[PDB]
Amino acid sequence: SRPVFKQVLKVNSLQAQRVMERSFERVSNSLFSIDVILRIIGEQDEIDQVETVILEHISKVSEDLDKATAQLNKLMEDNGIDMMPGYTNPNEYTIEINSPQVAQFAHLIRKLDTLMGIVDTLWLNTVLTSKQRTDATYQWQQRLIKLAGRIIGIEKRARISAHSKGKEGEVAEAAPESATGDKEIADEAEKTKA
């Protein structure tokens, strides 16, 4: 009745692995709740106003990984570096994709995995210092984490919107809100709720 795309997603870098493990299933459940809290809300100008802002945030992160990937993939050409490294422990995650927005978040994690792969060889080829590597890894790890947090924050603003419109009980039976086990993600969601 409803399409669900199931896919095995291998992740090499420890940064992309950690982002995936602490944010994905929460974000996957968050975009699911948003999609149903919206049809319970019903008003289409608001439904197009949340997705356009949902898919903008997903787009801005996607845009900035593309530009980071571009500049660093030609630092390797400037230094004649062809190859990427092996990874001592890549992992494979079985993920299901219920909406296109889940696909784009899962595709963001892949582009982060690639970006870490680029940074890792530029670090290994002595083009980037140890600090430049950890600032890339930390800030890019953090960048998707707050993106996760803000999706969830957007989801919590939709729930309060449903409350004011009387539909509190209707979404407590269609989509109960899940706990956010990551404190960084929960903090960014509560800022995005104000």
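All residue numbers refer to positions in the sequence shown, first residue = 1.
Annotation for 95-103 versus 80-88: the higher mean temperature factor (C-alpha) is found in 80-88. The PDB entry records a higher mean C-alpha B factor for 51-59 than for its counterpart among 23-31 and 51-59. Based on the entry's C-alpha B-factors, the most elevated value among 165, 156, 133, 143 belongs to 165. Looking at 172, 9, 185, 179, the one whose CA carries the top B-factor in the deposited record is 172. When the CA B factors of the chain's modelled residues are split into thirds, the value for residue 112 lands in the lowest one. Among the modelled residues of the chain, residue 70 sits in the highest third by CA temperature factor in this PDB entry. Compared with the other modelled residues of the chain, the Cα B-factor recorded for residue 127 ranks in the middle third. Remark: residue 147 belongs to the lowest third of its chain, ranked by C-alpha B-factor as recorded. Residue 160: CA B factor lies in the highest third for its chain, per the PDB record.
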